[PDB]
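S.K.: The structure follows.
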């Protein structure tokens, strides 16, 4: 009851069942950006 | 990653050449 509001939002987020989706999406974004760098490298070397 | 790899062995195979001199 005396726990402040941030973990209240986390609690209701877990009740929604989407407590998975955050760590999934920021797990995805890092791999997304590094593959952006890889594919950009592919494009300059493709020109080569 | 595998397509990046494919591009890597592409990089090796394009650089070869034959000079009898």
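Protein chains in written order, with the deposited numbering: chain B, 148 to 195; chain C, 72 to 92. Note that beta-carbon positions come from the ideal geometry of N, C-alpha and C, so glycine has one too.
(1) Pop quiz: residue 78(C) and residue 189(B) are said to be a contact at Cβ under 8 angstroms. What is the actual Cβ separation, rounded to whole angstroms?
(2) Using the C-alpha atoms, what's the distance from residue 173(B) back to residue 152(B)?
(3) For residue 195(B), name the three-state secondary structure that DSSP assigns.
(4) Quick one, are the C-beta atoms of residue 75(C) and residue 180(B) less than 8 angstroms apart?
(5) In the structure shown, what three-state DSSP assignment does residue 165(B) receive?
M.R.: Inspection of the coordinates gives the following:
(1) Contact flag correct, Cβ pair sits at about 6 angstroms.
(2) Computed Cα separation, rounded: 23 angstroms.
(3) coil
(4) no
(5) coil
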